[PDB]
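Q: Numbering (the deposited numbering), first residue to last: 428 to 549.
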Amino acid sequence: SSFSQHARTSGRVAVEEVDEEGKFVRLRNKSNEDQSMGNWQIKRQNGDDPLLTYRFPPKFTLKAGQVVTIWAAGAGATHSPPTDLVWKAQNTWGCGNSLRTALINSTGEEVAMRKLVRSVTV
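Written out as structure tokens, the structure reads:
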């Protein structure tokens with residue numbers, strides 16, 4: 428339309444419930460390989476606006492079909508590990524044209540991506 432919703436997956440991760448206009452990324456491990464989320468980096472490019480990333484803690488692992496939730500400080504989400512990873516340096520994305528969000532896996536390969544693409548999307 429004048430907004431297209433997208434996400435794309437590696438398999439053993441899917442961006443399963445992607446909750447619009449910067450509310451949450453509900454992340455599930457859709458194929459059955461247990462992946463180390465202590466070795467993650469969640470990263471975002473916002474428009475022609477700033478370059479952010481959020482870094483993960485070296486202790487945790489995602490299960491072959493469990494659920495996890497990562498998101499932004501004032502999005503209605505609590506600071507609640509290892510289930511709700513709430514980041515500080517942005518509270519959500521209160522203005523955007525084309526937002527590209529993606530998680531970098533347990534070995535540093537990009538595996539589960541979410542894109543919200545609005546005003547001037549070809």
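Beta carbons are placed, not taken as given, at the ideal position from N, Cα and C, and that holds for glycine.
Cutting at 6 Å between CB atoms, please list the residues of its own chain near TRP467, excluding the five before and the five after it.
A: Counting from 1 along the sequence shown, the entry for residue 467 is found at position 40. Closer than 6 Å at the Cβ level, and outside the excluded window around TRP467, lie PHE483.
Q: Would you give the residue range spanned by the beta strand (DSSP E) that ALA441 belongs to?
A: Along the sequence shown, one-based indexing puts residue 441 at 14. That run of the beta strand (DSSP E) goes 441–446.
Q: CB-CB under 8 Å to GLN493, same chain, minus the five flanking residues each way: which ones, in chain order?
A: On the sequence shown, position 66 is the one that residue 493 refers to. If we look at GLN493 and ignore the five residues flanking it on each side, its Cβ neighbours are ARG455 and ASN456.
Q: First and last residue of the beta strand (DSSP E) that includes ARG471?
A: Reading the sequence shown from its first residue, position 44 is the one you call residue 471. Run containing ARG471: 468–473, per the beta strand (DSSP E) assignment.
Q: Are the region 526–534 and the region 498–512 touching, with three or more C-beta to C-beta distances below 8 Å?
A: They do not touch, by the three-pair rule.
Q: Any heavy atom of the ligand GDP closer than 6 Å to the beta-carbon of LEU526?
A: The ligand GDP is not among the ligands present in this structure, which contains no ligands whatsoever.
Q: How is the beta strand (DSSP E) around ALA516 delimited, first residue to last?
A: Translated into the one-based positions of the sequence shown, residue 516 becomes position 89. Segment: none, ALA516 is in no beta strand (DSSP E) and carries neither H nor E.
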